[PDB]
Structure formats: C-alpha cells, structure tokens
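Here you get one chain, nothing else, as structure tokens; it is the form deposited in one PDB entry.
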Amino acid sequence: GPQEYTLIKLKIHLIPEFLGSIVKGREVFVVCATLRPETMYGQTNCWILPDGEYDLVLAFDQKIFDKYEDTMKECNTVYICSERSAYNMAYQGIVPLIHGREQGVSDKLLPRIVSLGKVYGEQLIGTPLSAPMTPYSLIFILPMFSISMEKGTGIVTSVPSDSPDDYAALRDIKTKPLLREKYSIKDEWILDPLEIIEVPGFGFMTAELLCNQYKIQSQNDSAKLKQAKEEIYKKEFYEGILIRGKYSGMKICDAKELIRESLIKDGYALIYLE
C-alpha cells in the first residue's frame, strides 16, 4: 500500500429494533470499499461476512474531541464497518476521534473512535438499503463467505454482471437451497443482474462468461477467481463502454473519475485509503 478506494454509503432504509435502541434516531449507513465506482449502476445487493463482527461507528454528517457527549451531540450519522477501517477513516477525517477515558490517566491523550456497539454480519442479512445509481429502489444485505475482514470495511457491494466474485456468490445463493433456508433468505431479496457495461469481446454480461471461461464452480475457487478478476479489471477499464448513466456511450477510462466525483459531490461516496 497505500491503495486508494471509493467508500460507498448504503443507507439503511428501515432500521431494525436491535440497532434502533443503540443508534437512537441517527441515520445509519453500511459502508463498502470498491475499486469500481463506475459499476454502481449495476448493484443488485450488498455482501456481508456472516460471522464478521462490525462496529457501529459514529461519523461526521458532512480536531479531536475531548468529550464523548459533544461528539454524540454533533454527529447524527453512524457507519457500519470493521473497527480496523474505522481507524483509517478517523486518521483521514471521515469519523470523529475522542480523547478516550478507557485506560490510563489524564497525562496522556489517547485518541479513539466512538463505537456505539458491535454487530454480526449474520444479524444484518435482509436489511433494506438505498444505494446510489442502481435502478433498484432497495437492495438487500446477503452473505458472502469469501470476504476478508482484513481488507476494506468487510462490506462489499454486489455488481454480478461485471464482478466474478459477485456473480459466483449470488449463483451459490440462487442454486443452493439449504443456504437460503439457513440464513432465512427471502426470494424478494435476490435481485436480477443488470446490463451496464459493454466489453466488445464479451458483450454485456461479462462476469458470467468469464466464470464459465475459468470453469469457476463456487465463490470459494479463489485461485481461478483471482485470474478472472485481474483479466476483467484491465480489459473493462481500457475497453469497457458504459451503457448507463450520464456518461453512457463513453469508455470507462474516460468516465470513471467523473462518475466518482459526482458520487462524492452528491454525498454517496468518499475517498478512502488503506
């Protein structure tokens, strides 16, 4: 590193009781790291690690505070993310830090994030979200088992048309009916992929082709997925043509940063480094 990402804010549309008691009326967002802001037009769902443990982090609504109470008064926004990502967010001014009282005495200043609580990925499966740019009104949180808690926020947005991982993990849900009974996954949470990008070689549903081309059978086949992902990434950046949005018609390489800046302008996204 360091590597640069776009942090995508997915707004919880209906906050459940178990969070509502802790967040007390604040806006809550699930926050995902992506390398591909231009693909937000094709989001079908959101991915979380079922046994991942995530923080409920107090965030700026968009200086290190001395009082917990003043931060709590001044921030009306919570981000669900890995503790680890929250610290990176803090260094970079995205969430507040306070001078913590949890250890030591007043002769040292120990900056800490304000974490209201802890939440397991499992508990969030089924949560409705307003996401930017996708035509779907609401998309839903679903389990992905390939998620590393040591990268990004541990939360990942799903664009199955142009991500081999996302295609593979949604297919595992679509086929394996034990998986759906287990996590109590309703049918209406599983949304259809969307055509968003033309790749002149492969057409408009490039992730499925590549998953067939590498003979990928589930989300777990990581060595092959890695090869699919590296191929799709470069070919789509240089040769992919957007068929959605303001920059419809343009190549990804020419539109990507413009799309990213409009998401940032509109409050859907932030620049993030780790």
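Take the two forms, superpose them, and find the largest set of C-alpha atoms that agree within 1.5 Å; that set is the rigid core. The first residue of the shown sequence is 1; numbering continues from there.
There is another form of the same protein, the form deposited in another entry; it is not shown, and what comes next is about it.
Only residue that shifts (Cα, 2 Å or more, rigid core superposed) between the shown form and the other one, among 102, 181, 192, 150 = The answer here is 102.
Honestly, after the rigid core fit, is residue 138 moving at least 2 Å at Cα between the shown form and the other one?
-> No, the C-alpha position differs by under 2 Å between the shown form and the other one.
Exceeds or equals 2 Å, Cα of residue 116 between the shown form and the other one, core fit = The answer is no; the displacement is under 2 Å.
Rigid core fit then residue 74 CA moved by 2 Å or more between the shown form and the other one | Residue 74: C-alpha displaced by 2 Å or more between the shown form and the other one.
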